[PDB]
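Asker: Sharing a structure here in structure tokens format.
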Amino acid sequence: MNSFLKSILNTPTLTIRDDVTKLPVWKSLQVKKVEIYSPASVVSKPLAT
Amino acid sequence: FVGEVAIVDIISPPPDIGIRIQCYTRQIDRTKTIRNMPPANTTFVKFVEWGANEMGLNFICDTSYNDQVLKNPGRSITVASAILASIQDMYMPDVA
């Protein structure tokens with residue numbers, strides 16, 4: 001529970017970067033959760049061959 | 001149903017692509033023409049028989065108007081499709 005000993009390759013810090021400026025913003029936040037959703041649509045018809 | 005395809009479309013986009021088709025019966029006649037001269041003075045039933053032979057269909061006729069003489073029945077028919085309109089026109093609405 002020491003923290004600030006973040007392991008490499010998975011450092012859990014949220015960095016938000018403006019797309020034209022390319023400089024970090026809103027580094028004053030203290031985030032508690034993150035969710036990622038990646039949906040897709042699949043056909044639902046009998047299909048023929 | 002028996003018919004020929006007339007109109008094509010596309011209805012639904014992917015993932016499932018669906019099409020819509022329009023078919024009509026005896027649409028082949030809208031292109032085919034007439035090459036057998038219709039009878040001049042004749043009864044109704046013989047006009048119907050000539051039309052059936054021209055289109056190429058088995059026919060059945062059963063009307064009370066089977067013994068009526070018509071003069072120049074179909075002398076103004078361009079293609080094979082207007083034969084049916086001619087046949088229906090004379091004794092509307094009793095004769096269908």
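FYI, nothing fancy with the structure tokens labels: chains A, B, ... in order, residues from 1 per chain, ligands from 1 as they appear.
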Quick one: everything within 12 Å of residue 94 of chain B, counting only C-alpha atoms, minus sequence neighbours fewer than 5 positions away in the same chain. Send it as a list in words.
Answerer: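 Using only C-alpha atoms, the neighbours found are residues 63, 64, 65, 88 and 89 of chain B.
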Asker: Go ahead and save the picked residues with N, CA, C and O atoms, as a PDB file, in the first residue's frame.
Answerer:
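The result, written out as again-v7.pdb:
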```
ATOM      1  N   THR B  63     -70.389 -16.504 -71.290  1.00  0.00           N
ATOM      2  CA  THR B  63     -71.139 -15.270 -71.123  1.00  0.00           C
ATOM      3  C   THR B  63     -72.480 -15.380 -71.830  1.00  0.00           C
ATOM      4  O   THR B  63     -72.659 -16.178 -72.753  1.00  0.00           O
ATOM      5  N   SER B  64     -73.430 -14.561 -71.386  1.00  0.00           N
ATOM      6  CA  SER B  64     -74.686 -14.442 -72.111  1.00  0.00           C
ATOM      7  C   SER B  64     -74.540 -13.642 -73.397  1.00  0.00           C
ATOM      8  O   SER B  64     -75.477 -13.612 -74.202  1.00  0.00           O
ATOM      9  N   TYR B  65     -73.391 -13.000 -73.613  1.00  0.00           N
ATOM     10  CA  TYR B  65     -73.149 -12.165 -74.782  1.00  0.00           C
ATOM     11  C   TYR B  65     -72.369 -12.906 -75.862  1.00  0.00           C
ATOM     12  O   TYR B  65     -71.626 -12.284 -76.627  1.00  0.00           O
ATOM     13  N   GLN B  88     -62.283  -6.253 -72.206  1.00  0.00           N
ATOM     14  CA  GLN B  88     -63.054  -5.795 -71.056  1.00  0.00           C
ATOM     15  C   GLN B  88     -63.930  -4.599 -71.397  1.00  0.00           C
ATOM     16  O   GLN B  88     -64.990  -4.419 -70.788  1.00  0.00           O
ATOM     17  N   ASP B  89     -63.509  -3.773 -72.356  1.00  0.00           N
ATOM     18  CA  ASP B  89     -64.184  -2.498 -72.572  1.00  0.00           C
ATOM     19  C   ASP B  89     -65.622  -2.669 -73.053  1.00  0.00           C
ATOM     20  O   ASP B  89     -66.507  -1.915 -72.637  1.00  0.00           O
TER      21      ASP B  89
END
```
Asker: Could you list, as number ranges by chain, every residue of chain B that has an atom within 10 Å of an atom of chain A, counting only C-alpha atoms?
Answerer: B: 14-17
Asker: Run DSSP on the backbone of this structure and report the residues of segment 5-69 of chain B it assigns to helix (DSSP H, G or I), as a compact mmCIF listing (two decimals) with C-alpha atoms, in the first residue's frame.
Answerer:
```
# COMPACT_ATOMS: atom_id res chain seq x y z
CA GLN B 27 -45.51 -8.68 -68.64
CA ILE B 28 -43.80 -10.28 -71.64
CA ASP B 29 -46.64 -8.97 -73.81
CA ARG B 30 -45.77 -5.31 -73.26
CA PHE B 44 -67.74 -11.99 -79.29
CA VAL B 45 -66.53 -15.54 -78.70
CA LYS B 46 -64.41 -15.63 -81.85
CA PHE B 47 -62.77 -12.33 -80.90
CA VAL B 48 -61.92 -13.84 -77.51
CA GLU B 49 -60.55 -16.98 -79.19
CA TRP B 50 -58.35 -14.93 -81.52
CA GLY B 51 -57.02 -12.98 -78.56
CA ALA B 52 -56.25 -16.17 -76.66
CA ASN B 53 -54.36 -17.63 -79.62
CA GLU B 54 -52.44 -14.38 -80.11
CA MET B 55 -51.30 -14.08 -76.50
```
Asker: So that I can check the secondary structure, give me every residue of chain A assigned strand (DSSP E or B) by backbone DSSP, as a short mmCIF file (atom, residue, chain, number, x, y, z; two decimals) with C-alpha atoms, in the first residue's frame.
Answerer:
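This went into result-v8.cif:
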```cif
data_model
loop_
_atom_site.label_atom_id
_atom_site.label_comp_id
_atom_site.auth_asym_id
_atom_site.auth_seq_id
_atom_site.Cartn_x
_atom_site.Cartn_y
_atom_site.Cartn_z
CA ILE A 16 -5.59 13.10 -21.08
CA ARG A 17 -3.95 14.89 -24.00
CA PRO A 24 -1.59 16.98 -20.87
CA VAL A 25 -4.67 18.60 -19.35
#
```
Asker: One decimal, in Å: what's the spacing between atom CA of residue 58 of chain B and atom CA of residue 7 of chain B?
Answerer: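 Separation of atom CA of residue 58 of chain B and atom CA of residue 7 of chain B: 27.8 Å.
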Asker: Show me, as a ChimeraX atom specification, the residues that have an atom within 12 Å of segment 20-26 of chain B when counting only C-alpha atoms, minus same-chain residues fewer than 4 positions from it.
Answerer: /B:1-12,30-32,55-57,80-82,84
Asker: Can you work out the spacing between atom CA of residue 36 of chain B and atom CA of residue 93 of chain B in Å, to one decimal?
Answerer: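 Computed distance, atom CA of residue 36 of chain B to atom CA of residue 93 of chain B, equals 28.1 Å.
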Asker: Could you work out how far atom CA of residue 21 of chain A lies from atom CA of residue 4 of chain A, giving the answer in Å with one decimal?
Answerer: 28.0 Å
